[PDB]
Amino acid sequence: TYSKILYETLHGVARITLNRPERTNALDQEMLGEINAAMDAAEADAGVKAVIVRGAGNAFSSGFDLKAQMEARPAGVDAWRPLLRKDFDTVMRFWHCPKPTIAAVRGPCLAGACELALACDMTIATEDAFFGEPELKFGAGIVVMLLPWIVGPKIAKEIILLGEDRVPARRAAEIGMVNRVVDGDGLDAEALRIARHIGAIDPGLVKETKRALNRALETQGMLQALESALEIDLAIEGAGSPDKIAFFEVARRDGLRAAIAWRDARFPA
């Protein structure tokens, strides 16, 4: 029934596949809506004990869809507010989910998709996976500022302020963004083992224990800090950074590859 994702249940586990292989599984408006529908279904289904999220093929996702943004040309605070609200709330579904969520990453896991994975209870990745938040290089702000809650301040500042977007899975594991790096041929099997392990436990026990774990960070004010960063991003995008305006000016004229080249030329080699 879905157009931009796949939804499966197997072995008491739900599996969501971000499914737009020709756009590196970029998260557009439609896909975000379907993710919410799938999470609703997984949460309502007593036969589902855990949720795996992955991308189609050998990419997780490059993040929120910039080609769709180029075409839509949202302008001003009131246009941006609902876009960012949906981005933020969809990502946070994976944190708030009463059932444990596992991100299983191949290839790129960037920007909004990096945030989606950050929100999951666990993240596993292949050696070839790479992570980061390139937003500022595009002239975009950060929608869901989970990074400093997961990896701590110095590393979060480096990744976000420089727009690091090639952080290897091994490094992501060192800093606490990734739980396990696995063999490429074994990613789906490892995610399923973890999910089925969770599925063997009394669901109430898992639910209450996750509640207690999440409470540790919520006690620190994480949800207020996240809402504050989202508010800041609304001001950023509602105004429109000249960096983003210039990026899409090049993109509409010469194409997105040319815009990326233009972007990369502004920064050191």
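When you see a residue number, it is the position in the sequence shown, counting from 1.
Checked against the record, the higher mean CA B factor of 11 to 19 and 252 to 260 lies with 252 to 260. The PDB entry records a higher mean C-alpha B factor for 67 to 75 than for its counterpart among 109 to 117 and 67 to 75. Take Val181, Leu84, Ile155, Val167 and read off each C-alpha B-factor from the entry; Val181 has the highest. Going by the entry's values, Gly186 shows the largest Cα B-factor out of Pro148, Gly132, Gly141, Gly186. Looking at the C-alpha B-factors along this chain, the one for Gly55 belongs to the lowest third. Ranked by C-alpha B-factor against the other modelled residues of its chain, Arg171 falls in the middle third. When the CA B factors of the chain's modelled residues are split into thirds, the value for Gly204 lands in the lowest one. In this PDB entry, the Cα temperature factor of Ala46 sits in the top third of its chain's modelled residues, the highest group. Sort the chain's modelled residues by C-alpha temperature factor and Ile194 lands in the middle third, per the entry.
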